[PDB]
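*Asks:* What follows is the file work.cif, containing mmCIF, C-alpha atoms (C1' of nucleotides):
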```cif
data_query
#
loop_
_atom_site.group_PDB
_atom_site.id
_atom_site.type_symbol
_atom_site.label_atom_id
_atom_site.label_comp_id
_atom_site.auth_asym_id
_atom_site.auth_seq_id
_atom_site.Cartn_x
_atom_site.Cartn_y
_atom_site.Cartn_z
ATOM 1 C CA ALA A 438 98.243 86.117 68.363
ATOM 2 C CA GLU A 439 96.687 82.947 69.880
ATOM 3 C CA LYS A 440 99.961 81.197 70.937
ATOM 4 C CA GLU A 441 101.835 84.127 72.583
ATOM 5 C CA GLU A 442 99.102 86.568 73.615
ATOM 6 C CA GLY A 443 95.455 85.836 72.843
ATOM 7 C CA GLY A 444 94.206 89.181 71.553
ATOM 8 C CA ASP A 445 97.011 91.683 72.081
ATOM 9 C CA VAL A 446 96.828 93.489 68.713
ATOM 10 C CA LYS A 447 98.955 96.652 69.312
ATOM 11 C CA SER A 448 102.441 95.453 70.345
ATOM 12 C CA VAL A 449 103.255 92.822 67.702
ATOM 13 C CA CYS A 450 103.033 95.507 65.016
ATOM 14 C CA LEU A 451 104.822 98.115 67.183
ATOM 15 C CA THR A 452 108.036 96.325 68.108
ATOM 16 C CA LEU A 453 108.779 94.911 64.642
ATOM 17 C CA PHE A 454 108.160 98.312 63.064
ATOM 18 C CA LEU A 455 110.093 100.878 65.141
ATOM 19 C CA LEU A 456 113.222 98.790 65.156
ATOM 20 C CA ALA A 457 112.782 97.682 61.525
ATOM 21 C CA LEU A 458 112.972 101.325 60.564
ATOM 22 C CA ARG A 459 116.098 102.051 62.626
ATOM 23 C CA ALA A 460 117.623 99.024 60.748
ATOM 24 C CA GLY A 461 118.590 101.051 57.631
ATOM 25 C CA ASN A 462 118.856 104.018 59.748
ATOM 26 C CA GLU A 463 118.809 107.618 59.829
ATOM 27 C CA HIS A 464 117.381 108.260 63.274
ATOM 28 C CA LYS A 465 114.974 111.219 62.571
ATOM 29 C CA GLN A 466 111.941 108.881 62.787
ATOM 30 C CA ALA A 467 112.867 107.136 66.048
ATOM 31 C CA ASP A 468 111.940 110.282 67.993
ATOM 32 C CA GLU A 469 108.547 110.671 66.354
ATOM 33 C CA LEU A 470 107.755 106.956 66.646
ATOM 34 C CA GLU A 471 109.030 106.405 70.180
ATOM 35 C CA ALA A 472 106.825 109.315 71.227
ATOM 36 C CA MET A 473 103.836 108.074 69.124
ATOM 37 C CA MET A 474 101.732 106.131 71.695
ATOM 38 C CA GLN A 475 102.083 106.028 75.472
ATOM 39 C CA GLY A 476 104.346 108.996 76.312
ATOM 40 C CA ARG A 477 102.999 111.557 75.965
ATOM 41 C CA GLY A 478 100.266 113.216 73.918
ATOM 42 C CA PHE A 479 100.961 112.674 70.273
ATOM 43 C CA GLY A 480 99.044 114.918 69.586
ATOM 44 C CA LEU A 481 98.738 116.890 72.788
ATOM 45 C CA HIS A 482 97.473 115.041 75.951
ATOM 46 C CA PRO A 483 93.779 116.074 76.569
ATOM 47 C CA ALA A 484 94.709 117.492 80.006
ATOM 48 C CA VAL A 485 97.149 119.980 78.415
ATOM 49 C CA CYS A 486 94.399 120.869 75.891
ATOM 50 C CA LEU A 487 91.821 121.308 78.616
ATOM 51 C CA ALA A 488 94.171 123.575 80.562
ATOM 52 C CA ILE A 489 94.980 125.579 77.415
ATOM 53 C CA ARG A 490 91.276 126.139 76.942
ATOM 54 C CA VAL A 491 90.051 126.807 80.490
ATOM 55 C CA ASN A 492 93.052 128.958 81.447
ATOM 56 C CA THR A 493 93.299 131.228 78.376
ATOM 57 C CA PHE A 494 89.484 131.859 78.550
ATOM 58 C CA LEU A 495 88.365 130.245 75.273
ATOM 59 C CA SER A 496 84.649 129.889 74.699
ATOM 60 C CA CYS A 497 83.739 126.267 73.921
ATOM 61 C CA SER A 498 82.433 127.244 70.509
ATOM 62 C CA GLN A 499 85.503 129.445 70.106
ATOM 63 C CA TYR A 500 87.795 126.574 70.968
ATOM 64 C CA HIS A 501 86.075 124.182 68.576
ATOM 65 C CA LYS A 502 86.268 126.937 65.949
ATOM 66 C CA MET A 503 90.045 126.970 66.350
ATOM 67 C CA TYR A 504 90.190 123.153 66.400
ATOM 68 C CA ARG A 505 88.407 122.969 63.044
ATOM 69 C CA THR A 506 90.774 125.555 61.633
ATOM 70 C CA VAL A 507 94.041 123.967 62.762
ATOM 71 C CA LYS A 508 92.756 120.511 61.710
ATOM 72 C CA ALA A 509 91.661 121.416 58.182
ATOM 73 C CA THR A 510 94.684 123.582 57.342
ATOM 74 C CA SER A 511 97.906 121.575 57.510
ATOM 75 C CA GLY A 512 96.642 118.811 59.698
ATOM 76 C CA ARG A 513 97.603 116.441 61.237
ATOM 77 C CA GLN A 514 95.194 117.973 63.800
ATOM 78 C CA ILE A 515 96.880 118.820 67.098
ATOM 79 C CA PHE A 516 94.123 119.828 69.487
ATOM 80 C CA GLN A 517 91.754 117.209 70.871
ATOM 81 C CA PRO A 518 88.000 117.431 70.024
ATOM 82 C CA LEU A 519 85.436 118.694 72.563
ATOM 83 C CA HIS A 520 83.759 115.490 73.625
ATOM 84 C CA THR A 521 87.183 114.100 74.638
ATOM 85 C CA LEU A 522 87.844 117.225 76.673
ATOM 86 C "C1'" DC B 1 102.827 69.181 103.585
ATOM 87 C "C1'" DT B 2 106.960 72.442 104.499
ATOM 88 C "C1'" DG B 3 112.173 73.451 103.989
ATOM 89 C "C1'" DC B 4 116.432 73.780 100.512
ATOM 90 C "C1'" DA B 5 119.178 71.907 96.696
ATOM 91 C "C1'" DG B 6 121.246 69.513 92.204
ATOM 92 C "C1'" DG B 7 119.571 70.410 87.753
ATOM 93 C "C1'" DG B 8 115.748 70.992 84.309
ATOM 94 C "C1'" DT B 9 113.013 74.397 81.455
ATOM 95 C "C1'" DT B 10 112.657 78.845 78.442
ATOM 96 C "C1'" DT B 11 114.279 83.165 78.259
ATOM 97 C "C1'" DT B 12 117.060 86.952 79.264
ATOM 98 C "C1'" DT B 13 121.460 90.282 78.505
ATOM 99 C "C1'" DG B 14 125.221 91.012 76.722
ATOM 100 C "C1'" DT B 15 129.329 90.250 74.562
ATOM 101 C "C1'" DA B 16 131.382 88.754 70.878
ATOM 102 C "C1'" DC B 17 133.033 89.639 65.208
ATOM 103 C "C1'" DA B 18 132.802 93.538 60.958
ATOM 104 C "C1'" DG B 19 130.957 97.074 57.944
ATOM 105 C "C1'" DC B 20 128.363 101.968 57.828
ATOM 106 C "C1'" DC B 21 125.277 105.527 57.971
ATOM 107 C "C1'" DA B 22 123.801 109.903 61.136
ATOM 108 C "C1'" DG B 23 124.347 113.581 63.256
ATOM 109 C "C1'" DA B 24 127.186 115.890 66.743
ATOM 110 C "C1'" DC B 25 131.368 118.481 67.154
ATOM 111 C "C1'" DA B 26 133.837 122.883 65.729
ATOM 112 C "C1'" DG B 27 134.255 127.511 62.630
ATOM 113 C "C1'" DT B 28 132.321 131.588 61.078
ATOM 114 C "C1'" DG B 29 130.183 136.355 60.437
ATOM 115 C "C1'" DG B 30 126.345 137.443 61.174
ATOM 116 C "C1'" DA B 31 122.235 136.542 60.243
ATOM 117 C "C1'" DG B 32 117.628 137.421 62.192
ATOM 118 C "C1'" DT B 33 116.261 134.626 65.806
ATOM 119 C "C1'" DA B 34 113.547 134.189 70.374
ATOM 120 C "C1'" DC B 35 112.665 135.728 74.912
ATOM 121 C "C1'" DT B 36 113.644 139.504 78.045
ATOM 122 C "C1'" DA B 37 112.628 143.659 81.020
ATOM 123 C "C1'" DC B 38 110.265 147.828 80.983
ATOM 124 C "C1'" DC B 39 106.436 151.226 80.885
ATOM 125 C "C1'" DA B 40 102.118 153.232 82.889
ATOM 126 C "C1'" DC B 41 98.395 151.663 83.796
ATOM 127 C "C1'" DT B 42 94.232 148.825 84.779
ATOM 128 C "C1'" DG B 43 89.772 145.680 87.291
ATOM 129 C "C1'" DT B 44 87.118 143.680 90.914
ATOM 130 C "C1'" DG B 45 85.217 145.896 95.503
ATOM 131 C "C1'" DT B 46 78.336 149.916 94.611
ATOM 132 C "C1'" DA B 47 73.434 150.773 99.171
ATOM 133 C "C1'" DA B 48 71.227 150.871 103.374
ATOM 134 C "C1'" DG B 49 70.570 152.283 108.199
ATOM 135 C "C1'" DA B 50 71.138 155.258 112.794
ATOM 136 C "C1'" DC B 51 71.043 159.264 115.077
ATOM 137 C "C1'" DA B 52 70.399 164.235 116.307
ATOM 138 C "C1'" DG B 53 67.737 168.065 116.210
ATOM 139 C "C1'" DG B 54 64.308 170.574 114.567
ATOM 140 C "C1'" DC B 55 59.374 171.769 114.744
ATOM 141 C "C1'" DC B 56 54.812 171.579 113.155
ATOM 142 C "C1'" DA B 57 50.452 168.760 113.722
ATOM 143 C "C1'" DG B 58 47.235 167.576 116.655
ATOM 144 C "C1'" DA B 59 45.389 165.053 120.505
ATOM 145 C "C1'" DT B 60 44.584 165.807 125.575
ATOM 146 C "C1'" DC B 61 43.045 169.144 129.546
#
```
Would you write the structure of this file as structure tokens?
*Replies:*
Amino acid sequence: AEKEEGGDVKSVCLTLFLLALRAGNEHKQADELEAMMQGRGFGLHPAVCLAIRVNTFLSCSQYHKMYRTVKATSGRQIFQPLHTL
DNA sequence: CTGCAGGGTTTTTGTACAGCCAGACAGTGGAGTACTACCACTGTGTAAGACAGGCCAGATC
């Protein structure tokens, strides 16, 4: 890190790994991994969450209720928590 | 100091071999899928005032 960046932790791990996987490759993973960080969501971008709360009329406590449920059962939580909304 | 010009630097950007796995293509017969209109039918507009005519009460003469 010192010679080529100086404190850039994320990328060194990311570029070796995605491509290392697609080395002995079935592709399946490349979709999930190429989506994984910057575009988009992964889970769902907090703006899409916010809209899907505000615009379907979910009570805050109701929303969180759902969030807990989807998180605990088979999760891999999707929805973003309240304080990040 | 500016201007451009040989080449330096490191690094891009791709082509070069050759083998190989993945998943798309195409079939099927239809499955049961997913998304579609369509059907009546709804919810939110929410309280005062002005104006005419009566006529009785009661003051004023």
*Asks:* When the PyMOL selection byres ((chain B) within 9 of (chain A)) is applied to the file above, which residues end up in the set, as a PyMOL selection string?
*Replies:* chain B and resi 21-23
*Asks:* Produce a file of the selected residues containing C-alpha atoms (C1' of nucleotides), as a PDB file, keeping the file's coordinate frame.
*Replies:*
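The new file result_31.pdb reads:
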```
ATOM      1  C1'  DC B  21     125.277 105.527  57.971  1.00  0.00           C
ATOM      2  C1'  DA B  22     123.801 109.903  61.136  1.00  0.00           C
ATOM      3  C1'  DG B  23     124.347 113.581  63.256  1.00  0.00           C
TER       4       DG B  23
END
```
*Asks:* Using CA of residue 448 in chain A and CA of residue 483 in chain A as the two end points, give the distance in Å to one decimal.
*Replies:* 23.2 Å
*Asks:* What's the 10 Å shell around residue 470 in chain A, counting only C-alpha atoms (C1' of nucleotides), without same-chain residues fewer than 5 positions away, as a compact mmCIF listing (two decimals) with C-alpha atoms, in the coordinates of the input?
*Replies:*
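The result, written out as out_36.txt:
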```txt
# COMPACT_ATOMS: atom_id res chain seq x y z
CA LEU A 451 104.82 98.12 67.18
CA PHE A 454 108.16 98.31 63.06
CA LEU A 455 110.09 100.88 65.14
CA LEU A 456 113.22 98.79 65.16
CA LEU A 458 112.97 101.32 60.56
CA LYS A 465 114.97 111.22 62.57
CA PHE A 479 100.96 112.67 70.27
```
*Asks:* Expand the PyMOL selection byres ((chain A and resi 501) around 12) into the explicit residue set it covers here, and present it as a ChimeraX atom specification.
*Replies:* /A:486-487,490,495-500,502-508,516-522
*Asks:* Just how far from CA of residue 469 in chain A is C1' of residue 34 in chain B, in Å to one decimal?
*Replies:*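 Here the two named atoms are 24.4 Å from each other.
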*Asks:* One decimal, in Å: what's the spacing between CA of residue 453 in chain A and CA of residue 467 in chain A?
*Replies:*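 Computing it gives 13.0 Å between the two atoms.
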*Asks:* Any chance you could work out the axis-aligned box around range 32-44 of chain B, listed atoms only, 5 Å on each side, giving centre and edge lengths in Å to one decimal, as AutoDock Vina command-line options?
*Replies:*
```
--center_x 102.4 --center_y 143.7 --center_z 76.6 --size_x 40.5 --size_y 29.0 --size_z 38.7
```
